[PDB]
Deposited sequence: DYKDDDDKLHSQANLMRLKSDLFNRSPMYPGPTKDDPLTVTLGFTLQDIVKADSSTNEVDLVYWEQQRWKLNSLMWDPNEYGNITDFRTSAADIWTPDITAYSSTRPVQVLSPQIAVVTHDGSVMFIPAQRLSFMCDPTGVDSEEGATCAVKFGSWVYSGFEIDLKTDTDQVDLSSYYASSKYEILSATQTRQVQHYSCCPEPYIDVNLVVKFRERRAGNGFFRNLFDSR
């Protein structure tokens, strides 16, 4: 089986998406913890898992040709991955988990990096019943909507793994598709907007 896997990988190992060969990446966010809210600089720090999924013809294989192998794990540097970027980060994003993706015989890839992000956020009112609200856009930095498209499986941020003893509780968190125009180029870019309303948790 080891030989089969090796052979498959060898046989497998695409210049990224193009206007003729567009790509749809599905984004989903799991919010694990709001670590810190700095009212002196208006930066908030999030820990979250960013689920990325996409599908490439060039990654399909017949499991029957490879000992019934239906999927495998490989370093994310072994394959192409989307340049999904936070548009209002204030520090470089920190990766908390192993950079390893899962590839299925149907040519779909799933890559779920855990990250810590500092982004621009005014925490004013976090100490009130209404809480504070902040938002950060996630999308390709260099690919327009014509090259890379984004969609979500749902507009509800997954909160099932949120840290129950965090300094902050989540009142709501959504994730929404957006189309933006920027001064630099004619073509529009796509992002998923993460909107979180949150409040200091009482002990």
{"item": "Deposited-sequence ranges lacking C-alpha coordinates, in sequence order", "value": "1-10, 24-28, 219-230"}
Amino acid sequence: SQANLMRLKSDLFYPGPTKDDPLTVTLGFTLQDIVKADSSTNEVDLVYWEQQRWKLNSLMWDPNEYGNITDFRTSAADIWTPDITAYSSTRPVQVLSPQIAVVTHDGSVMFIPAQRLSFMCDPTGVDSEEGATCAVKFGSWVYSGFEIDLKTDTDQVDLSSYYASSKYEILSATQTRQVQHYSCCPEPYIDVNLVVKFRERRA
From here on, numbers count along this sequence of modelled residues.
query	finding
Mean Cα B-factor comparison, 70-78 or 117-125, giving the higher one as deposited	70-78
Which of 14-22 and 188-196 has higher mean CA B factor, as the PDB entry lists it	14-22
Residue with highest C-alpha B-factor in the PDB entry, from 29, 163, 141, 146	146
Largest Cα B-factor, entry values, listed residues 136, 60, 47, 44	60
Modelled-residue ranking by C-alpha temperature factor, third containing residue 154	highest
B-factor third for the C-alpha atom of residue 37 within its chain	middle
Chain-wide C-alpha B factor ranking for residue 64, given as lowest, middle or highest third	highest
